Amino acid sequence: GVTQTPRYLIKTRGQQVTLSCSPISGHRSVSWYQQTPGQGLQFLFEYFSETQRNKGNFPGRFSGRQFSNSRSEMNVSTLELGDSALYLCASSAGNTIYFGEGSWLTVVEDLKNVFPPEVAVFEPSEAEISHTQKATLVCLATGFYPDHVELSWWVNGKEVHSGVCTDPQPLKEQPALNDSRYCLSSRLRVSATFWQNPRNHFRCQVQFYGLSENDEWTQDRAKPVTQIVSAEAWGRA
């Protein structure tokens, strides 16, 4: 498939950013699209044999290139808040176009809006265990910005998918604010007898994509770097 990097980017207003795309092998057309909730999918430009062949309606601070092997880069200079979007690369040989996974760019007002999640796990209700013979753990990841997280559940050291529901979109903690921090919930449901065994270990884990160990930081709190935050519980009788 097509591959794109980096996957997650944080920038401030006035900076620039570069995204790379490797098309499917033998595909010579590489195009770039910008996806935003306000405007949907908008075409930026298409490259073919090294040169820009078609262009959409974005201003000249959005630019691109293509190498002899067909790989493409795009560049956005003098970044604005409205540039925050999913940037998609796509390759074609015929009629069907094949998309990469996308690069998520968040342009922030200030690096101080960046925060890692706090993660907490809540143990099953006793009344649920009686009524159903089942137990639901809940994980809450709260206070994070931007929304660049991956949540997973781990049972006795191994990642589980069965019995897991994680909200598809984070909630805003302050719906009015553009800079608003987020929350995300997830559930893991197991049999009550599995939860009742005190040698079973449960961990809710969040990967957060944030700043680099290279970025400057002068706020009175820990630098909000890329990191994993977790919380854990043991079963109990």
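In case it trips you up, residue 1 is the first one in the sequence shown, and so on.
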**Request:** For the higher mean C-alpha B factor in the entry, choose 172 to 180 or 55 to 63.
**Result:** 172 to 180
**Message:** Quick check: 136 to 144 versus 122 to 130, which has the larger average CA B-factor in the record?
**Reply:** 122 to 130
**Message:** Comparing recorded Cα B-factors across 160, 74, 90, 105, which one is largest?
**Reply:** 160
**Asked** Whose C-alpha has the highest temperature factor in the PDB entry: 35, 193, 70, 205?
**Response** 193
**Complete:** Of the three thirds of Cα B-factor ranks in this chain, residue 235 occupies the highest
**Asked** Once the chain's modelled residues are ordered by C-alpha B factor and cut into thirds, is residue 96 in the lowest, middle or highest one?
**Response** lowest
**Item:** Record-listed C-alpha B factor of residue 86: chain third
**Value:** lowest
**Complete:** In terms of its chain's C-alpha B-factors, the third that includes residue 227 is the lowest
**Message:** What third of the chain does residue 219 rank in for C-alpha temperature factor, lowest, middle or highest?
**Reply:** middle
